[PDB]
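> Here you go, one structure.
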Amino acid sequence: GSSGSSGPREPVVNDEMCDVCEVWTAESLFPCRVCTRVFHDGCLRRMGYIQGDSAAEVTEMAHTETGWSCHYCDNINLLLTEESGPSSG
Ligand SMILES: [Zn+2]
Ligand SMILES: [Zn+2]
Numbered sequence: 001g002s003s004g005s006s007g008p009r010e011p012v013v014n015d016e017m018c019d020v021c022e023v024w025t026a027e028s029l030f031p032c033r034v035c036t037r038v039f040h041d042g043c044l045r046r047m048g049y050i051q052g053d054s055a056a057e058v059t060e061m062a063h064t065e066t067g068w069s070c071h072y073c074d075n076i077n078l079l080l081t082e083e084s085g086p087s088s089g
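Residue numbers (the entry's author numbering): 1 to 89.
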């Protein structure tokens, strides 16, 4: 194979490291910032998590404070009809 890596000084460890890249960036990380679990939208579609035809007229609107909310959070922040269907009870 091949080997070659040194440096007894390891970089800071942040819990906000992509689960597919394990890397962060100054700017806001996707999907969200607060949501501990961070994963690049592309890392999902690529690997094989989404691969769904979700043609939309939007590129990336997560960074913003009030934009897209990942599944984990699934917050009803966005102002729009979110008719839900909970188990009849
Ligand atoms: Zn990633
Ligand atoms: Zn989220």
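Yeah, the Cβ is synthetic: ideal placement off N, Cα and C, and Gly gets one too.
Below 9 Å between beta carbons: does that hold for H40 and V58?
Residue numbering aside, residue 40 sits at position 40 when the sequence shown is read from its first letter. Residue numbering aside, residue 58 sits at position 58 when the sequence shown is read from its first letter. Not in contact: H40 and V58 (Cβ atoms no closer than 9 Å).
> With distances taken between CB atoms, is the gap from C43 to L29 smaller than 9 Å?
Along the sequence shown, one-based indexing puts residue 43 at 43. Along the sequence shown, one-based indexing puts residue 29 at 29. Cβ atoms of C43 and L29: not closer than 9 Å.
> Can you grab the Cα-Cα spacing for the pair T81 / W68, in whole Å?
To locate residue 81, count along the sequence shown from 1; it is residue 81. To locate residue 68, count along the sequence shown from 1; it is residue 68. Approximately 15 Å between the Cα atoms of the pair.
> Scan the segment 32-86 and note each continuous alpha helix (DSSP H) run of 4 residues or more that stays entirely inside, going in chain order.
Here the runs fully enclosed are 41-47.
> Please determine whether the Cβ atom of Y72 lies at a distance below 8 Å from any heavy atom of ligand 2.
Taking the first residue of the sequence shown as 1, we reach residue 72 at position 72. For ligand 2, at least one heavy atom lies less than 8 Å from the Cβ of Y72.
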